[PDB]
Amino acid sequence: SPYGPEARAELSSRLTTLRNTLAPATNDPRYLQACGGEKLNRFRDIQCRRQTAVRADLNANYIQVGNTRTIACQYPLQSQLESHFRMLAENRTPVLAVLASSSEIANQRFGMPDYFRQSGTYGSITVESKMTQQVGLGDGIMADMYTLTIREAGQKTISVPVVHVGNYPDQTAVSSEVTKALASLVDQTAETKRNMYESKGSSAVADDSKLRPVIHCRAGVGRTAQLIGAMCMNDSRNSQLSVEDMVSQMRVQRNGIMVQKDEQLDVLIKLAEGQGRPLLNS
């Protein structure tokens, strides 16, 4: 009964109500509004909760699901790249997971700069990209890894591991098995990098706002939310956190679209069922 169609319908009903409540009004005080005239939101209807915003000129949010702390963002606009790199560096980012595919990035109508597979200079910031590993995730899905070295006068140089799911499908959801493999790779990559900072005595270890995995697809609400949900289920600290809790938390902390598609929620439900984790709050 806990995972039956009735429970699933009730979960969707609660989440739909929340999405509606969280829909943005004009100049909504809950959502970040552009300063200085630059385009902020890649998608007009996909907004950035103001109180959890990372930077005033990015569509990007701090998210905590149970105990699990991440940043979810949109794919940065070309005009946002310097600020996006500064976000990555200041966060001492232990992994950047990019879930927009190579095909999507290559479609220049989408305006998604190839910012992590090429080197370049963006205002005051110089970035070098290097190819590292490739890890299969199942079903032919491949994670291509990179390291980004981010340099800027007056700033410590930061290297960021990148996990790019270069052949993430855009028309269909990846399975729970692929999602689990992806979450494990992203978590493991982050743990290795965080450990390096710990070993060096970085002050970022004590700061709630830093050392967060950064995750985006195109909008940062669909594939991104599926992955964040899977990651929180991997976290030993999150016993009894329900699917209702996780999705409600993502929605209140970013926007009401988090977990955009029913197919994505289906994966989270299946992962939860595998753990005996509740769907609903009693």
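Each residue number is its position in the shown sequence, starting from 1.
Enquirer: Look up the CA B-factors in the entry and say which stretch, 169-177 or 185-193, has the higher mean.
Expert: Higher of the two, by average CA B-factor, is 169-177.
Enquirer: Hey, which bit's got the bigger mean C-alpha B factor in the entry, 242-250 or 229-237?
Expert: That would be 229-237.
Enquirer: Looking at the C-alpha B-factor values in the deposited entry, which of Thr52, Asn59, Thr26, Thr68 comes out highest?
Expert: It is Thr26.
Enquirer: Among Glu128, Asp144, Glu90, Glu82, where is the Cα B factor highest in this entry?
Expert: Answer, based on the entry's C-alpha B-factors: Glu128.
Enquirer: When the modelled residues of the chain are sorted by Cα temperature factor, does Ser159 land in the lowest, middle or highest third?
Expert: Its C-alpha B-factor belongs to the middle third of this chain's values.
Enquirer: Comparing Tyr75 with the other modelled residues of its chain, is its CA B-factor in the lowest, middle or highest third?
Expert: Lowest third of the chain for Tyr75's C-alpha B-factor.
Enquirer: So where's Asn41 on the chain's Cα temperature factor ranking, which third?
Expert: Middle third by C-alpha B-factor.
Enquirer: Hey, what third does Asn255 fall into on Cα B-factor, ranked over its chain?
Expert: According to the entry, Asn255 has a C-alpha B-factor in the chain's middle third.
Enquirer: Lowest, middle or highest third: which one holds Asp266 when the chain's residues are ordered by CA B-factor from the entry?
Expert: CA B-factor rank for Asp266: lowest third.
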